[PDB]
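Protein chains: 6
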Amino acid sequence: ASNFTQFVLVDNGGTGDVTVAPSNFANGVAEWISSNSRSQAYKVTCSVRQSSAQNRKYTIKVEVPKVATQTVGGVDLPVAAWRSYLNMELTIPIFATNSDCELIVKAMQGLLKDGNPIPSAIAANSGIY
Amino acid sequence: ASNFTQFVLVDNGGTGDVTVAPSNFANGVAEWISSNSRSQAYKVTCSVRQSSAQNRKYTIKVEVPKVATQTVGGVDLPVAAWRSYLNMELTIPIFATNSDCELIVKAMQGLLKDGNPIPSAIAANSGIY
Amino acid sequence: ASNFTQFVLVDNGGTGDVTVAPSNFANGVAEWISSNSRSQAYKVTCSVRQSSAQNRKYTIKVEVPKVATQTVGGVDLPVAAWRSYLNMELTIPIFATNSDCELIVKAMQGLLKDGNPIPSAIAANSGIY
Amino acid sequence: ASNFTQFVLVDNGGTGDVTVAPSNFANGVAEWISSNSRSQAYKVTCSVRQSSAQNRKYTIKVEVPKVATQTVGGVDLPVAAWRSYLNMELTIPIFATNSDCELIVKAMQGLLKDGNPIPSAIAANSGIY
Amino acid sequence: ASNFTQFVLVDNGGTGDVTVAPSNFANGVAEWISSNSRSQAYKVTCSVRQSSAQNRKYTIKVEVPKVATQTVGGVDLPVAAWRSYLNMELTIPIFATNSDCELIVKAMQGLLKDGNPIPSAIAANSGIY
Amino acid sequence: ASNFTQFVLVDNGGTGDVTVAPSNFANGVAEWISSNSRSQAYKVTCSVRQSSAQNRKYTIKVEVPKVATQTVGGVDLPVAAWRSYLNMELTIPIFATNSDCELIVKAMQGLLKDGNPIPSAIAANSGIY
Numbered sequence: 002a003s004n005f006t007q008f009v010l011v012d013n014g015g016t017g018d019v020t021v022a023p024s025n026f027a028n029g030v031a032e033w034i035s036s037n038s039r040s041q042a043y044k045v046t047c048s049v050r051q052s053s054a055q056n057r058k059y060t061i062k063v064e065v066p067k068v069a070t071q072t073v074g075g076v077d078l079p080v081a082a083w084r085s086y087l088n089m090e091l092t093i094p095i096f097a098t099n100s101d102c103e104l105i106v107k108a109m110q111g112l113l114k115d116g117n118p119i120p121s122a123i124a125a126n127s128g129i130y
Numbered sequence: 002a003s004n005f006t007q008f009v010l011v012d013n014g015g016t017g018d019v020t021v022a023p024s025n026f027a028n029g030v031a032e033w034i035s036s037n038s039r040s041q042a043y044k045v046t047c048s049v050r051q052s053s054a055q056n057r058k059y060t061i062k063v064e065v066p067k068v069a070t071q072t073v074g075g076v077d078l079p080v081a082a083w084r085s086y087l088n089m090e091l092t093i094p095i096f097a098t099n100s101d102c103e104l105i106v107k108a109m110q111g112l113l114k115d116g117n118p119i120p121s122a123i124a125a126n127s128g129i130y
Numbered sequence: 002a003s004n005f006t007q008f009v010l011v012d013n014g015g016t017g018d019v020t021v022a023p024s025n026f027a028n029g030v031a032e033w034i035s036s037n038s039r040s041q042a043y044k045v046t047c048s049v050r051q052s053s054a055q056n057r058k059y060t061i062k063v064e065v066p067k068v069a070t071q072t073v074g075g076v077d078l079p080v081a082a083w084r085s086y087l088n089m090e091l092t093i094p095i096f097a098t099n100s101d102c103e104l105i106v107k108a109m110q111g112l113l114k115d116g117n118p119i120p121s122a123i124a125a126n127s128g129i130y
Numbered sequence: 002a003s004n005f006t007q008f009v010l011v012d013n014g015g016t017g018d019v020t021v022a023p024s025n026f027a028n029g030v031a032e033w034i035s036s037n038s039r040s041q042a043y044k045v046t047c048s049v050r051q052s053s054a055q056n057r058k059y060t061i062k063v064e065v066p067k068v069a070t071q072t073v074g075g076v077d078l079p080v081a082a083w084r085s086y087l088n089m090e091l092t093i094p095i096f097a098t099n100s101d102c103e104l105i106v107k108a109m110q111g112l113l114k115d116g117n118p119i120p121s122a123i124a125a126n127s128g129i130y
Numbered sequence: 002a003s004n005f006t007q008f009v010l011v012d013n014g015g016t017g018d019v020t021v022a023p024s025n026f027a028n029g030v031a032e033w034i035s036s037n038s039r040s041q042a043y044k045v046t047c048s049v050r051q052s053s054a055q056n057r058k059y060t061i062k063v064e065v066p067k068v069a070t071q072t073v074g075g076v077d078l079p080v081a082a083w084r085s086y087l088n089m090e091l092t093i094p095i096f097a098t099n100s101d102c103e104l105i106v107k108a109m110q111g112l113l114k115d116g117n118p119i120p121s122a123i124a125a126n127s128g129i130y
Numbered sequence: 002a003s004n005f006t007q008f009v010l011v012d013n014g015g016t017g018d019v020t021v022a023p024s025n026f027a028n029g030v031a032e033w034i035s036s037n038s039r040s041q042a043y044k045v046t047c048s049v050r051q052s053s054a055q056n057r058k059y060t061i062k063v064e065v066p067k068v069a070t071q072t073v074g075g076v077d078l079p080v081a082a083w084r085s086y087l088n089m090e091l092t093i094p095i096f097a098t099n100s101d102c103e104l105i106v107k108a109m110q111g112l113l114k115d116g117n118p119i120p121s122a123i124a125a126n127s128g129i130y
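The listed protein sequences derive, respectively, from chains H, Z, B, S, D and Y. Counting the first sequence from 1 gives a position; the UniProt record's numbering is that position plus 1. Counting the second sequence from 1 gives a position; the UniProt record's numbering is that position plus 1. Counting the third sequence from 1 gives a position; the UniProt record's numbering is that position plus 1. Counting the fourth sequence from 1 gives a position; the UniProt record's numbering is that position plus 1. Counting the fifth sequence from 1 gives a position; the UniProt record's numbering is that position plus 1. Counting the sixth sequence from 1 gives a position; the UniProt record's numbering is that position plus 1.
This is the structure in structure tokens:
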């Protein structure tokens, strides 16, 4: 293998896709970034480490720019009003086989599949009701 | 409408699907658990709070258990050998429109799509390289 | 360019080869881990550091597990019955040219070459006689 | 039978091979030294000992000299400008069968095989990148 | 893609070119050294850190040695008579787009182009006047 | 000689070039500036001094304006969001001949030549990977 490659982060159906490409590997922390100024880029980072004697932890972070009314290539302030931050921590016990980890991945994709509660709530600026 | 519905967390193609259902909303934390004993159940929780004056934060948690039957005091009990924990926090500025939020959702699903770097690493007990 | 990649740790003639893959590179310590359960994985680490004004020192470590299944109270867990620990330190003065370093590597390979005293002693649970 | 014999430490394709020969086996430490001036000789030592109730430990050491002539006051002396020191410790539990030990040896050979990360880093005065 | 590649640091027109190659990435500092002993090698290092909340800073260092052979204790050692040190720090705001950054790069190469004031002064052990 | 002259800092191929011209010589510190308001100008400064008993030091500074979305001749705030700062310190031992200094200059131009790692990283808003 060699998983450190470019990938489509946002699939808008071929036209208007957001591709994210490797941009840093300092300290074993893989970073991917879209082709934008760093204040307006989609950014993804990932790293793994043995957190305890019994667990391994994947720390995955994603930053997504607020696009509506954005001044392309401009200076939009405050920065915090223009970005969303995702923080994922996946703790997997050292006994988990590859099959177990495949299942963990499916659970994650199931959680976020279109039509399911969590993603529809987020997309509608809502909570659960 | 009411987005608090049951959904399939793990899609094993119709046979052996792990489906999770609404089970509690006490204290503003929406919960879903699989049809198992509380000791062996998959669990998903989700809550939203206005963290800052200009941010909203979603806290989502998923527990994937490794089921087993344990003999305690000469008696067999349905138990979980171990559990994997997904912990995600998503901070979204209040200025994000619905279209801005759909972008976040798409980024999250693109991140975990089969074949992309991150899910490939996780499924192989590997880091990114 | 990159030497922090996947490689074959144990050549079993193409089938049953133990491949070790990059997992983490935190604090100057490169780590490789074989696939499947981290509990039963082979492990290799390497770090280089200037030990003195005139010497650089490599610290390489390898762990070879004895795969086994632990059964406690009816619960099975993939574990390593035990592990052999290889720990090596190589000091090389800063005056060493690339040619000197190639010779050093050859000495290490020759030391462990099949048929020679040391590897044959180890392979037979023996000392020198 | 005897494994305390002469062997080729550095294979230079038949010509200019560094051969190391038995020199002393006092106090459980087998020592091999290359020919000519002891001051410019390669050195290899090996000793095995029961480190704990369940482990045996091998201590192997190699010295690779950088041959040179020292000239002080008009007097020439064959010396080693400097030496690289390889020092390795291998712990193997007493439960290891011969097959387990053969695997351990293969892991060491694979670790240092030409082309793999570690040997290529050393040979190029480099670390991992 | 992977931008961590070897490059020619000093272009002496094909004959006597000083080419520098990737040699370490420990601690997030990318390093490149020439094919020499560590004591006589050209060295280039580069690291990026998000210095402020709105800036990113590149720290680049180059070491150009003046090679010599020194007699220490009657023995000849490859050494560096002296070294020249280039030390550059580049602070770029996060609002800079890729086209903004290309401007910085062009300015840096224009600054050092043959015939321009600065490189002329340096090459003549002169100041600007 | 008399190196204090106008020069092309940014070569955009004849059309759209940024020429920088002498603008100050207070304290022997040569300053060059483009034809813009000082908040939007490209600025270069250079000075030399004997830093220690054994070294001379050239301190070179370059400021580059963020151009994308810039309000020509306007007031863009904060100033720090609209400028990049380069700081170069070149330490050259007093033994360096003109030839040595020519080599030091080549090393600098080689470091920044198009296609080489450092400049491509900067231009792509990236680190090394």
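Backbone N, C-alpha and C fix where the C-beta goes; we use that ideal spot for every residue, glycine too.
Quick check: what's the CA-CA separation for residue i versus residue j?
i, j, result
"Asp-115/Z", "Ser-121/Z", "7 angstroms"
"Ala-82/S", "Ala-124/Y", "46 angstroms"
"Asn-4/D", "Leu-91/H", "30 angstroms"
"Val-68/B", "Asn-37/B", "12 angstroms"
"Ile-93/S", "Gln-110/H", "43 angstroms"
"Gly-29/S", "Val-49/S", "8 angstroms"
"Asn-126/H", "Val-73/Z", "47 angstroms"
"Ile-34/S", "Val-9/S", "11 angstroms"
"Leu-87/B", "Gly-15/H", "51 angstroms"
"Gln-51/S", "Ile-95/S", "9 angstroms"
"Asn-117/H", "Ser-85/H", "21 angstroms"
"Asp-77/H", "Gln-7/B", "43 angstroms"
"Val-11/S", "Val-19/D", "31 angstroms"
"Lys-62/H", "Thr-46/Y", "41 angstroms"
Taking C-beta pairs closer than 9 angstroms, name the residues in chain Z that residue i reaches, listed in chain order.
i, result
"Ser-36/B", "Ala-125, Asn-126 and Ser-127"
Counting only beta-carbon separations shorter than 8 angstroms, does residue i have a partner in chain Z?
i, result
"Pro-94/B", "no"
"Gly-17/B", "no"
Checking contacts by CB at 8 angstroms: is residue i closer than that to chain Y?
i, result
"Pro-23/H", "yes"
"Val-63/H", "no"
"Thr-20/H", "no"
For residue i, which residues in chain H fall below 7 angstroms Cβ to Cβ?
i, result
"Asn-13/D", "Residues of chain H passing the Cβ test: none, with the nearest at roughly 32 angstroms."
Would you say residue i lies against chain H (beta-carbon separation less than 8 angstroms)?
i, result
"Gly-111/Z", "yes"
"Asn-99/D", "yes"
Could you list which residues in chain Y have their beta carbon closer than 9 angstroms to that of residue i, in chain order?
i, result
"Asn-28/D", "Ordered by position in chain Y, no residue passes the 9 angstroms Cβ test against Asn-28/D, which lies about 13 angstroms from the chain."
Can a CB atom of chain D be found closer than 8 angstroms to the CB of residue i?
i, result
"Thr-60/Y", "no"
"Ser-3/B", "yes"
"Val-80/S", "yes"
"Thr-6/B", "no"
"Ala-42/Y", "no"
"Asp-77/Y", "no"
With 8 angstroms set as the bound, which would you pick, yes or no: does the beta-carbon of residue i sit closer than that to a beta-carbon of chain B?
i, result
"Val-49/H", "yes"
"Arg-39/H", "no"
"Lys-67/S", "yes"
"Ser-52/S", "no"
"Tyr-86/Z", "no"
Establish whether the CB of residue i and some CB of chain S are separated by less than 8 angstroms.
i, result
"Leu-10/D", "no"
Who are the neighbours of residue i on chain Z, taking C-beta pairs under 7 angstroms?
i, result
"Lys-107/H", "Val-11 and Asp-12"
By the criterion of Cβ-Cβ separation under 7 angstroms, what are the contact partners of residue i in chain Y?
i, result
"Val-45/D", "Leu-112"
Name, please, each residue of chain D whose Cβ falls closer than 7 angstroms to the Cβ of residue i.
i, result
"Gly-116/H", "Within chain D, no residue comes near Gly-116/H; the closest Cβ sits about 36 angstroms away, beyond 7 angstroms."
Against residue i, what residues of chain H qualify as contacts under a CB-to-CB distance less than 9 angstroms, listed in chain order?
i, result
"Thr-70/Y", "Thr-72, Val-73, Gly-74, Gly-75 and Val-76"
* To do: Return the chain-ordered ranges of every beta strand (DSSP E) run that is complete within the segment 68 to 104 of chain D and spans a minimum of 3 residues.
  => 76 to 94
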